[PDB]
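> Take this structure, written in structure tokens, and hold onto it; I'll ask about it next.
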Amino acid sequence: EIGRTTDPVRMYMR
Amino acid sequence: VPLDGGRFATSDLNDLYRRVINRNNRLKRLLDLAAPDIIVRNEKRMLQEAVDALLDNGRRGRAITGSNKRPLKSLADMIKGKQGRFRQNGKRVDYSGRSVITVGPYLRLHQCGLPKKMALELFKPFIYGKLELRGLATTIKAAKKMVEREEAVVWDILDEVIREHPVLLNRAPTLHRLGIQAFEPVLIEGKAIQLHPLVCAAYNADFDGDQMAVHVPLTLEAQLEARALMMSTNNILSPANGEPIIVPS
Amino acid sequence: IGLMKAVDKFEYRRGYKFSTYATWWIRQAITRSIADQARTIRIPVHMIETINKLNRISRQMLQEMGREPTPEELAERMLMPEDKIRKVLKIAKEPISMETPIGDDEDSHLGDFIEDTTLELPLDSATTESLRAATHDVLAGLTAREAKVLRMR
Amino acid sequence: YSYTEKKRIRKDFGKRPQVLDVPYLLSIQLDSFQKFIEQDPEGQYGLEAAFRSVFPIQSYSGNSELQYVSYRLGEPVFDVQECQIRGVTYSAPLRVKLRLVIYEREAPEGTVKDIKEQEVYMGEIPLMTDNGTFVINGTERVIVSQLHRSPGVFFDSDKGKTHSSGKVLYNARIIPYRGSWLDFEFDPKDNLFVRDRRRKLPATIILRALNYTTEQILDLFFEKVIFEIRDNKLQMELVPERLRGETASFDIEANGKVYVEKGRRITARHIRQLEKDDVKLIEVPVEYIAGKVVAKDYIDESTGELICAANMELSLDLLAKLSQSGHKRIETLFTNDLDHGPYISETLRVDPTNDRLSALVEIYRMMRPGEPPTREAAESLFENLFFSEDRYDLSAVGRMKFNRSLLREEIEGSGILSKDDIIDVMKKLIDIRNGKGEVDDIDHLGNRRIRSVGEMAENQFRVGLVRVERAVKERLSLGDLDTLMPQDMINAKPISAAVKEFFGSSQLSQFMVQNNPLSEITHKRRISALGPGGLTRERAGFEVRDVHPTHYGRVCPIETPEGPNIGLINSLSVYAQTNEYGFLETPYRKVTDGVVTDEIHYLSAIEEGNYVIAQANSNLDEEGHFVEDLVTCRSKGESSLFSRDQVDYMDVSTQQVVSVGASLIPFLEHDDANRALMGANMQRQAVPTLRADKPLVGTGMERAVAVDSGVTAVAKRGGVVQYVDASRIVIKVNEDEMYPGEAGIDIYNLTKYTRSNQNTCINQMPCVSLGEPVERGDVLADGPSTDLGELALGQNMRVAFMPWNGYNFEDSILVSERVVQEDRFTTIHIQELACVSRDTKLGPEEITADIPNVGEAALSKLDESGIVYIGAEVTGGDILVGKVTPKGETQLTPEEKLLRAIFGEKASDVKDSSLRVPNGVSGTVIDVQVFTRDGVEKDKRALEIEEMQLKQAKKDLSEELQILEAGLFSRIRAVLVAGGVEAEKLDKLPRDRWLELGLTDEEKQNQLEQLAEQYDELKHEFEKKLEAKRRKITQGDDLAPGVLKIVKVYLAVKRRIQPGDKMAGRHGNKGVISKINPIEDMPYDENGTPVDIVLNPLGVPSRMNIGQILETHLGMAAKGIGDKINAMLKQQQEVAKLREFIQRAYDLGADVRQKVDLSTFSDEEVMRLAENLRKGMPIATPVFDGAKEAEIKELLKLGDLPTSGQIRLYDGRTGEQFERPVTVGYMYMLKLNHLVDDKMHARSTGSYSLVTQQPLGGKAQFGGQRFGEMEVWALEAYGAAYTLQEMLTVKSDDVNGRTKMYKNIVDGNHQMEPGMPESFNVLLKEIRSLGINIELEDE
Amino acid sequence: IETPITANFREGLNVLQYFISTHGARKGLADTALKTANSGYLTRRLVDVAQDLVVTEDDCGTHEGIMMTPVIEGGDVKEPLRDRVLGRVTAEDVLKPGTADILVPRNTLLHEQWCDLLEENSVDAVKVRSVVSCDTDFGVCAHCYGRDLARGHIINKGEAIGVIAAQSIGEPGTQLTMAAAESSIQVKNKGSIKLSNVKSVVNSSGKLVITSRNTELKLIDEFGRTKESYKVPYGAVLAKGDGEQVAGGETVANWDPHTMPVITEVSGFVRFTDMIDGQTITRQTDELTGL
Ligand SMILES: [Mg+2]
Ligand SMILES: [Zn+2]
């Protein structure tokens, strides 16, 4: 679920 | 700097510094305002993403420029190689020219043509020294006009400044060390740099549109080098193998 | 940062729901900031409202008059003295970037073609060093103090 | 028999008759923009089909639609030439009618309210001039076509580098017009894998996403092997051929017959032994089924538990379990090693998911990592990738290439994919893996289509129309809809933002290379492969830089750029043409059973693979019968011989392979392919000289490249010339060509000296006289580089091949001095200098004619208003426009103040910034433009131009009546012979006094009332035209924001020829002029006539251009009949002794197709044909149907010349004779515009850069040369350490050490104090502006 | 292509032959633009490793050189010994075919006279001092380097030999980017056969059994030198011995092109060790002819 995502938009949305 | 016409032409380091000072100034307001912790975590991780686009832009989402669609130029992209360092590995250079080359087979092995229109602009400050030492002009501004009108005397002083002053001819893709050689100029009329026939095989130059930049050694230890080290009659054997390089072509 | 103020100032005894109330404070702050901190050369918030008021009205003149309006005709659509509208026009444009590749996209950028003017020609710097030579002489032909007043006055 | 034909007939060699004429050379551009702006009553391609692709915009769940009615293109305000003057585009507003209807809230869905907003203006679209060139900002731009990959599926291999162990991986791919890609592939384990370019998935997941259970995934791909247990041994069914290529493993028996044993092959008659003997149900062991895999899934009818699921092994236990479980009809999958491999069954093993909802999340968490998935958010994503009509469109052409590659029945279909399409691409891929199929190549010209201007300008327009539809979708949902018309929701700025930023800035919208009637024509037929959506100059390797076998008749092989993008530019061929879909075709002659017909059939690039095409040079005995038993054709990409009764097509002409620019080289099949690639690129650079004449050796493709361009002024209707002049022509049409009611005359205006893009001059000269009958399709006005209709790019001068004292050592050239006296290579150049008057913050600048402290000699030509007179000869340094910029705050040094009080000079309150002519350029001033912002008072000079140009717009509006009424009244008055005897009473009254009288009610008065409508019509329209024409002159102009007035001046300098210039013939023989010999040094033959140019002969053996050695003999030959007609016609012998010679100079061939002389006038044509021939009889030699070397010798015996081609020159100075005779001929020499006047440079000190303080140039003294990192290893190879320490410290960069080197040089002391450069201190502040600290340990 | 263009440039070329000859041209111009951008990156890595090498001493005193002999490629010598040692110090004193006859002294620049004097005699090899084995720290001595220059004297102390050696390797490369039976070893000359470093002797029929890949052919000249170098493959048939003269082009040791058969060293039985049927090789049928 913590899928190596970098961009802070997706990290803030979820 | 303000361009001519009313519009300014900034760098692109002012967009990355104006974004570190906003997200840092808002992060002080958000901490003295006592925000919920779900917001001041989106400000710490949003601040340090703007600071990591400043230093080296590209190891992240590649924060594209505003008012355009190409990525900005971070600090580590000015130092980072363009195939050359920022400093000297590039140095455009004063006292130089360039023009088309032609044959001129009447020359010796140590000279070259040079138009009167380039000999009077390459060697300008050398001329203001004679026109005041010889006593013709009074000040250095009054001499700046005589080199504009081309009076009958400046051609007498330009022919004397070019007496033993060697110039450095150099072709465009300098492969080996024989791409830069020196030559004692002789003023011709026209707009093409002549060139001895035996020498073109070293430059690898045909006379069908090839241009050749000409430099000028200023100091006194830089003309005894363009005469003892880099002259055209001192380079007759190539350094790759000892066989000659002035072969009649 | 604005929504935190809406919940701060909210009062439910009016009977109105929250979304119709916090939607103002939120949409307000998201536009108050675009006016203040989105331009390189910062223009104020009262001038920003005039440029926006000059495009809302420069569009009706477009889709009605057909061709386009003129800065003589915007004087009547708006109500300004026709000389301020010529000052508001050149305030809007933002600066170029000095990395934009020039036409044909050559191996060169626009930052190599802007010369600098703080410098001064080495022929004017060779003249003012020649004025010290003359005045050190032409004044040297004068007496002991009749030159002294000239260096002092 | 055209009057431009019988003024100078071009003696034409060439044997093959021509069946097809060269088409219009600009159908690429002019056809593909007529499709864009055109009312099309159907959903075909066009601007109309970009509205239907969006509209109607149904409201967002509010039920209020906005429907589209129709569009309309208004007429432009400014004309073309008035647009190249004011500096603004030439476009037309786009009017559109919309009907906004309001549907009901909850009542029946009826038209409750609707409103049809009148023509919401939604942006202007630029228009194409009559020649295929846009006018974007006053500067003609061209939009080259493109060559991109077509949309479809292309199965590829990627062999060799695949895993470095062989085992190639046949990967498929789908490419739509707009949408996401989808790319299956194999891997080194034989496992299919789907993936636009994200991480790769196991390929069977996109099947499960389409709601296919694991039962059907083994149902669609594989073949069943039925299995039953008929109480013993598991008797197995059998189809005969299924035993192909298997290693037997038991006692093959049936019918009692044991066919084979265990451990052997299978033979053909073994399958035959089952076919005829019909071995259907055979009994074999049950241990051979110990590796099979079940087909379907079995449960136990007694227990209720599934014992075997799809893709499961079969072992003895499962062999044990299912027997007593109540099952006999077992099902398994047939998998060979070679024919039917197990490629899907393996991919169902690494499949982690199990069903649809478990599958969609697996692609979602690959397509959008990090964020959590949802059943409502995962389904909608995958459902919008390939199956949404608005986010995925294959094409109209993509669906053709899609079905055509799967061998499907139909050609047309829907744009989005389906389940049959995503699967059929998977079957066809696995079949290529087994062996029954073949991969495609991507350089093949049937995979690559051409997108002209009408297909790019529209896709850029709909993108600007989709950004609008997203906004009108919003406003229909927020507010209420009793007030908003369909005019407050439409935005013009977004729509006109895309279609203007494409036309004015792109990789394709580039300036027009305009210095010829051949550099324009071959810039509109360009087929580039770069741009948005194509290759790149750096990544693209030699896979696509090559010349396929498919370019024959489609793309030229010998005309590409020679720089770093060779083979990416591909100038289009001569006869080639685009298809309906976009592929290039060629015309071929249909060959029937034996006889070659004349019917022409344009063949595509994949239809051409089946037929057998013959060759253009194959003989025919007047009945289309090949005169040979077998001929030379090409069938599948290779040539060979075929029987005469096997060919199916034959080419049209011998020159259908080459471009339009390579067809002007004569003797092309005698040149190396390298040298003729450099000769085709040095011919679209030649400059139009002062008075260009013609080529004596052409290729007959000059009348088509000078007429089909736009430079010539060709007649539009037949007639008779009435008034020729330097700037106007007036053709009076014939009667049968003239329209019935009030037609009159045609009147052609020429365009005298104007400015091109390269600053050359472009003006037309009339080539007719008074009384000369002009016919439809004639040529009236020469252009630049044209003469009598033909295309002359330079002059042709007596060349002699010999080495002359080393003044032509290398490629250099040696030009005599009678070529500089005659003034034949002199060109005209017309520059533009602009002097804007800004509005600073210290005050507004002015155009004062009185400049502070400037000598009176410099203010001699400026008038009292400040601007130079029109006609003055200016030179370097002169002032063209006086201007002064205010400047206060003097603040002068102490010595400058003492120097004031001694002389009391007033302070200067304004700084002088006049406009001055550039350095070393001098020529007259032929024009002046003065623009004034609306609101400032015009000076005395700008108000004189505004009244001298107003007198011509009215004079030209009146002369349009008085000279045309010369043909209107003079017609009806000549028509008024009937309807009453009025001859002397026809002029006893004023012609204006005819509203009272007239003619009888017939064709006599049919115009008298027809003119009656033309009376008031030519009355007030000329009046209504005037008052609107005097407003475009008197009204102000819209300048930039901040400018006050602009002044443009045009100098016309005439550049002669000099050493350093660059000349070149056609065949790739460049050169540089090295001397201008006097007239008497040049070699001379026995007659005393010196040669005019001396080339070098050592350039012909190495570079194999032997064209220039045969064109030099057919030059001297053509000029032998020159001095033969120039002598007979000089003694004025007789028109009978002259008429017979010229007739003997035209047959002169071996079965030629001239069809010429003796039909010509008595003495009016032959005395005018023989007068244009005295310079020399022009020859014509087609590209590959040349003039053989035995026919050049037949001409040299006509002019009494030496047949060998070589004369015995004498020396010029010594007077002695060159041994071993020399060549002397006539080479058509161009003059490339690499002029040495623009190459020469020089700099001692100037303007320095801003951040780094090194030199650059914007102030007439450009930057210094570049001392690269390669030119610094050449100064370290020597010991030159004192030349290198100054070449990068004092001469370039050191701020306070390069001014001391300027005072030490004027003071006679050559010595430097270097310091440390500034380019290094700008590196200590950028390495410190990271965290990194860096310093200098001082010691 | 199977069909060749059979037409010159003094006669034309038809449409179908001039199109075929275009790929040979379009391919040449696509490499001459790539062999420069690919060669201007080899001469930039070279001049950054050899950037800081500089002649910084007159002599170090090391005796370790390398052996300089003429490279002989099979049947012909490629580079004589004069082209390889001309202008190089001698690591030690060389002598005539008769020893204690030191003709070239201690380390001296082998200029023209000492290079012709080596060809006047029949010297076969010299040991010259190379820069790869000099002893100086941060630089190379002027003696280890040698002579060759635009001039002819020894190398001057202070020169920058690191940069003028990275360019002479990178000046080329911009321009140069790219029956045969041989069964019988055909010598073009008449020299004695003298083998060394071999373990192989003549069998019964007169054939030295090939044992490994260590057997090369040295054609010793008439002066105690070599002129040819060869090799010995499996199934190598032989004619002569060692020291027995051979005429020019006589097959001394040979092998078939399509037959490199297993020579028999010693006769005797053949027993099946890892070569029974199935194990390493299957069993196949034939009669006693041996097919
Ligand atoms: Mg060249
Ligand atoms: Zn050493």
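Just remember, in the structure tokens the first chain shown is A, the second B, etc., residues are 1-based per chain, and ligands are 1-based in the order shown.
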Please identify all polymer residues within 9 Å of stretch 237-248 of chain E, counting only C-alpha atoms, omitting same-chain residues fewer than 4 positions from it, and present them as number ranges by chain.
E: 186-195, 202, 206-210, 220, 252-255, 263
> Please return, as a PyMOL selection string, all residues of stretch 16-136 of chain C that DSSP assigns to strand (DSSP E or B) on the basis of the backbone.
chain C and resi 96-97+101+109
> Quick one: write out the picked residues with C-alpha atoms as a PDB file, in the first residue's frame?

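Result saved to selection-v7.pdb:
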ATOM      1  CA  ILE C  96      11.034  35.909 -19.931  1.00  0.00           C
ATOM      2  CA  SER C  97      13.329  33.155 -18.724  1.00  0.00           C
ATOM      3  CA  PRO C 101      16.305  28.461 -26.657  1.00  0.00           C
ATOM      4  CA  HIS C 109      20.192  30.388 -25.234  1.00  0.00           C
TER       5      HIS C 109
END
> When you get a sec, could you note down which chain B residues fall within 9 Å of chain A, using only C-alpha atoms, as an MDAnalysis selection string?
chainID B and resid 42 45:46 49 60:61
> For ligand 1, collect every residue having any atom at a distance of at most 7 Å from a ligand atom (counting only C-alpha atoms and all ligand atoms); output as a PyMOL selection string.
chain B and resi 205-210
> To check your reading of the model: which residues sit at most 8 Å from ligand 2 when counting only C-alpha atoms and all ligand atoms? Write the answer as a list in words.
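Those residues are residues 57, 58, 59, 60, 61, 62, 131, 133, 134, 135, 136, 140, 141, 142, 143, 144 and 145 of chain E.
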> Write the residues of the selection above to a file with N, CA, C and O atoms, as a compact mmCIF listing (two decimals), in the first residue's frame.

# COMPACT_ATOMS: atom_id res chain seq x y z
N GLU E 57 62.59 15.06 -16.13
CA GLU E 57 63.89 14.61 -15.64
C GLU E 57 64.72 14.13 -16.82
O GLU E 57 64.18 13.80 -17.87
N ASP E 58 66.04 14.11 -16.63
CA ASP E 58 66.93 13.74 -17.72
C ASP E 58 67.29 12.26 -17.72
O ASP E 58 67.58 11.72 -18.79
N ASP E 59 67.28 11.60 -16.57
CA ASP E 59 67.63 10.18 -16.53
C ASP E 59 67.28 9.64 -15.15
O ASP E 59 67.48 10.30 -14.13
N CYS E 60 66.76 8.41 -15.14
CA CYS E 60 66.33 7.75 -13.91
C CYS E 60 67.24 6.61 -13.49
O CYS E 60 67.46 6.41 -12.30
N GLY E 61 67.76 5.84 -14.45
CA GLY E 61 68.73 4.81 -14.16
C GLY E 61 68.20 3.39 -14.20
O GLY E 61 68.92 2.47 -13.81
N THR E 62 66.97 3.19 -14.65
CA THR E 62 66.40 1.85 -14.71
C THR E 62 66.85 1.13 -15.97
O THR E 62 66.92 1.72 -17.05
N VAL E 131 58.52 4.00 -21.69
CA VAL E 131 58.07 4.94 -20.67
C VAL E 131 57.16 4.22 -19.70
O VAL E 131 56.91 4.70 -18.59
N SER E 133 57.90 1.66 -18.07
CA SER E 133 58.71 1.12 -16.99
C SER E 133 59.76 2.10 -16.47
O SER E 133 60.80 1.65 -15.98
N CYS E 134 59.54 3.40 -16.60
CA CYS E 134 60.48 4.37 -16.06
C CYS E 134 60.30 4.48 -14.55
O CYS E 134 59.26 4.07 -14.02
N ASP E 135 61.30 5.04 -13.87
CA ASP E 135 61.31 4.98 -12.41
C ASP E 135 60.94 6.30 -11.76
O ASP E 135 60.75 6.34 -10.54
N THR E 136 60.82 7.38 -12.52
CA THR E 136 60.58 8.68 -11.94
C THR E 136 59.20 8.75 -11.30
O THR E 136 58.27 8.02 -11.67
N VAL E 140 58.07 11.30 -16.49
CA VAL E 140 58.95 10.32 -17.10
C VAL E 140 60.26 11.01 -17.44
O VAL E 140 60.28 12.20 -17.76
N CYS E 141 61.36 10.26 -17.37
CA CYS E 141 62.64 10.82 -17.75
C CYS E 141 62.66 11.11 -19.25
O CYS E 141 61.83 10.63 -20.01
N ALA E 142 63.63 11.91 -19.67
CA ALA E 142 63.75 12.23 -21.09
C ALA E 142 64.42 11.11 -21.85
O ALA E 142 64.33 11.03 -23.08
N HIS E 143 65.11 10.22 -21.14
CA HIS E 143 65.76 9.10 -21.81
C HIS E 143 64.79 7.95 -22.04
O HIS E 143 64.84 7.31 -23.10
N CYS E 144 63.92 7.68 -21.08
CA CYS E 144 62.96 6.59 -21.25
C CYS E 144 62.03 6.86 -22.42
O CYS E 144 61.69 5.94 -23.16
N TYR E 145 61.62 8.11 -22.61
CA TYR E 145 60.70 8.44 -23.70
C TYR E 145 61.33 8.17 -25.06
O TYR E 145 60.90 7.26 -25.76
> Once DSSP has gone over the backbone, tell me which residues of chain A are in helix (DSSP H, G or I), as a PyMOL selection string.
chain A and resi 8-13
> Filtering to N, CA and C atoms, could you give me those residues as a PDB file, in the first residue's frame?

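Listed below is the output, result.pdb:
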ATOM      1  N   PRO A   8       4.024  14.468  -3.926  1.00  0.00           N
ATOM      2  CA  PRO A   8       3.325  14.772  -2.677  1.00  0.00           C
ATOM      3  C   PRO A   8       1.831  14.967  -2.846  1.00  0.00           C
ATOM      4  N   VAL A   9       1.331  14.976  -4.081  1.00  0.00           N
ATOM      5  CA  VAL A   9      -0.112  15.074  -4.255  1.00  0.00           C
ATOM      6  C   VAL A   9      -0.780  13.774  -3.835  1.00  0.00           C
ATOM      7  N   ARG A  10      -0.343  12.646  -4.402  1.00  0.00           N
ATOM      8  CA  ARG A  10      -0.928  11.363  -4.029  1.00  0.00           C
ATOM      9  C   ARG A  10      -0.667  11.041  -2.567  1.00  0.00           C
ATOM     10  N   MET A  11       0.469  11.491  -2.032  1.00  0.00           N
ATOM     11  CA  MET A  11       0.754  11.212  -0.631  1.00  0.00           C
ATOM     12  C   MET A  11      -0.110  12.053   0.293  1.00  0.00           C
ATOM     13  N   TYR A  12      -0.665  13.154  -0.208  1.00  0.00           N
ATOM     14  CA  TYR A  12      -1.549  13.968   0.615  1.00  0.00           C
ATOM     15  C   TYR A  12      -2.997  13.558   0.429  1.00  0.00           C
ATOM     16  N   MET A  13      -3.364  13.159  -0.789  1.00  0.00           N
ATOM     17  CA  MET A  13      -4.748  12.792  -1.062  1.00  0.00           C
ATOM     18  C   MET A  13      -5.166  11.584  -0.239  1.00  0.00           C
TER      19      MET A  13
END
> Fewer than 4 positions away in the same chain doesn't count, so skip those; otherwise give me all residues within 12 Å of residue B:150, counting only C-alpha atoms, as a CSV table (one decimal) with C-alpha atoms, in the first residue's frame.

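Once everything was written out, this is out_15.csv:
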chain,number,residue,atom,x,y,z
B,116,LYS,CA,43.3,45.7,-44.8
B,117,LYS,CA,39.9,45.7,-43.2
B,120,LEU,CA,42.9,47.8,-39.1
B,121,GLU,CA,40.4,46.4,-36.6
B,127,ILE,CA,47.7,52.0,-33.8
B,143,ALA,CA,43.3,59.5,-32.9
B,144,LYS,CA,40.1,57.5,-32.8
B,145,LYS,CA,38.8,59.6,-35.7
B,146,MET,CA,41.8,59.2,-38.0
B,154,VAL,CA,47.1,55.4,-40.9
B,155,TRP,CA,48.0,53.1,-43.7
B,156,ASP,CA,51.6,54.1,-43.1
B,157,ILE,CA,51.3,53.3,-39.4
B,158,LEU,CA,49.3,50.1,-40.0
> Residues of chain E within 9 Å of chain D, counting only C-alpha atoms - could you list those as a ChimeraX atom specification?
/E:3,8-16,18-30,33-34,44,47,158-164,167
> What is the distance between atom CA of residue C:71 and atom CA of residue D:934, in Å to one decimal?
9.5 Å
> So what do you get for atom CA of residue D:1243 versus atom CA of residue B:97, distance-wise?
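Rounded to one decimal, the two atoms are 6.3 Å apart.
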> Between atom CA of residue D:920 and atom CA of residue D:1242, what is the distance, to one decimal in Å?
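That distance, rounded to one decimal, is 12.3 Å.
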> When the cut-off is 8 Å and we count only C-alpha atoms, which residues of chain D are near chain C, given as a PyMOL selection string?
chain D and resi 93+120-122+487+492+507+895+1041-1042+1246-1250+1256-1258+1299+1302-1303
> Quick one: residues within 12 Å of residue E:39, only C-alpha atoms counted, chain neighbours fewer than 5 positions away excluded, as a PyMOL selection string?
(chain B and resi 175) or (chain E and resi 31-34+44-46+167+169-177)
> Give me the residues within 10 Å of residue B:51 as a VMD selection string, counting only C-alpha atoms and dropping any in the same chain fewer than 4 places off.
chain B and resid 16 to 17 19 to 21 23 to 24 46 to 47 55 to 57
> Between D:81, D:365, D:1266, D:791, which residue has the minimum interatomic distance to chain A, considering only C-alpha atoms?
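Among D:81, D:365, D:1266, D:791, it is D:365 that comes nearest to chain A.
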> Return as CSV the residues of chain B lying at most 9 Å from chain C, together with the closest atom-to-atom pair for each and the distance in Å to one decimal, counting only C-alpha atoms, with rows in chain order and ascending residue number.

residue,atom,partner,partner_atom,distance
B:1,CA,C:114,CA,8.4
B:2,CA,C:95,CA,8.6
B:3,CA,C:114,CA,7.8
B:6,CA,C:90,CA,7.7
B:7,CA,C:95,CA,6.0
B:8,CA,C:95,CA,4.6
B:9,CA,C:96,CA,4.6
B:10,CA,C:97,CA,5.4
B:11,CA,C:98,CA,4.9
B:12,CA,C:97,CA,5.9
B:14,CA,C:40,CA,8.0
B:15,CA,C:40,CA,7.7
B:18,CA,C:40,CA,8.1
B:22,CA,C:37,CA,8.0
B:29,CA,C:1,CA,8.9
B:30,CA,C:1,CA,7.4
B:33,CA,C:1,CA,8.9
B:35,CA,C:4,CA,7.7
B:67,CA,C:94,CA,8.6
B:70,CA,C:100,CA,8.8
B:72,CA,C:99,CA,8.6
B:73,CA,C:99,CA,8.1
B:139,CA,C:130,CA,8.1
B:140,CA,C:127,CA,6.9
B:141,CA,C:127,CA,7.4
> List the spatial neighbours of residue C:18 as JSON, numbers by chain - criterion: any atom at most 12 Å away, only C-alpha atoms, same-chain residues fewer than 4 positions off excluded.
{"C": [3, 6, 7, 8, 9, 10, 11, 12, 13, 14, 22, 23, 24, 25, 26]}
> Convert the current residue selection to file output with N, CA, C and O atoms, as a short mmCIF file (atom, residue, chain, number, x, y, z; two decimals), in the first residue's frame.

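Okay, selection-v5.cif is ready:
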data_model
loop_
_atom_site.label_atom_id
_atom_site.label_comp_id
_atom_site.auth_asym_id
_atom_site.auth_seq_id
_atom_site.Cartn_x
_atom_site.Cartn_y
_atom_site.Cartn_z
N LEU C 3 -9.57 27.92 5.66
CA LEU C 3 -10.61 27.08 6.24
C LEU C 3 -10.49 26.98 7.75
O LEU C 3 -11.49 26.84 8.45
N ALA C 6 -12.52 29.76 8.98
CA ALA C 6 -13.96 29.60 8.87
C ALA C 6 -14.52 28.86 10.08
O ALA C 6 -15.50 29.29 10.69
N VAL C 7 -13.90 27.74 10.44
CA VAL C 7 -14.32 27.00 11.63
C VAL C 7 -14.08 27.83 12.88
O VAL C 7 -14.75 27.63 13.90
N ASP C 8 -13.13 28.75 12.84
CA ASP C 8 -12.90 29.64 13.97
C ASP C 8 -14.06 30.60 14.16
O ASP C 8 -14.50 30.84 15.29
N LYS C 9 -14.58 31.16 13.06
CA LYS C 9 -15.60 32.20 13.10
C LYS C 9 -17.00 31.66 12.88
O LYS C 9 -17.95 32.45 12.80
N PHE C 10 -17.16 30.35 12.76
CA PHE C 10 -18.46 29.78 12.46
C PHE C 10 -19.42 29.95 13.63
O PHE C 10 -19.03 29.86 14.80
N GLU C 11 -20.68 30.22 13.30
CA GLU C 11 -21.74 30.36 14.28
C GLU C 11 -23.02 29.75 13.73
O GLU C 11 -23.64 30.31 12.82
N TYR C 12 -23.41 28.61 14.29
CA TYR C 12 -24.48 27.79 13.73
C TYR C 12 -25.87 28.24 14.14
O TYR C 12 -26.86 27.72 13.60
N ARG C 13 -25.98 29.18 15.08
CA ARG C 13 -27.30 29.61 15.52
C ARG C 13 -27.98 30.50 14.49
O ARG C 13 -29.16 30.84 14.64
N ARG C 14 -27.26 30.88 13.43
CA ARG C 14 -27.93 31.45 12.26
C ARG C 14 -28.79 30.41 11.56
O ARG C 14 -29.79 30.78 10.92
N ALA C 22 -18.13 28.20 4.83
CA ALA C 22 -16.69 28.06 4.71
C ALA C 22 -16.24 28.11 3.26
O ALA C 22 -15.05 28.31 3.00
N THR C 23 -17.16 27.93 2.32
CA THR C 23 -16.78 28.02 0.91
C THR C 23 -16.39 29.43 0.52
O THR C 23 -15.69 29.62 -0.48
N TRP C 24 -16.82 30.44 1.29
CA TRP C 24 -16.40 31.80 1.00
C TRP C 24 -15.00 32.07 1.52
O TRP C 24 -14.12 32.53 0.78
N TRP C 25 -14.76 31.78 2.80
CA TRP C 25 -13.44 31.99 3.38
C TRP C 25 -12.37 31.18 2.67
O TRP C 25 -11.21 31.61 2.64
N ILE C 26 -12.72 30.03 2.11
CA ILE C 26 -11.75 29.20 1.41
C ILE C 26 -11.46 29.75 0.03
O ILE C 26 -10.31 30.03 -0.30
#
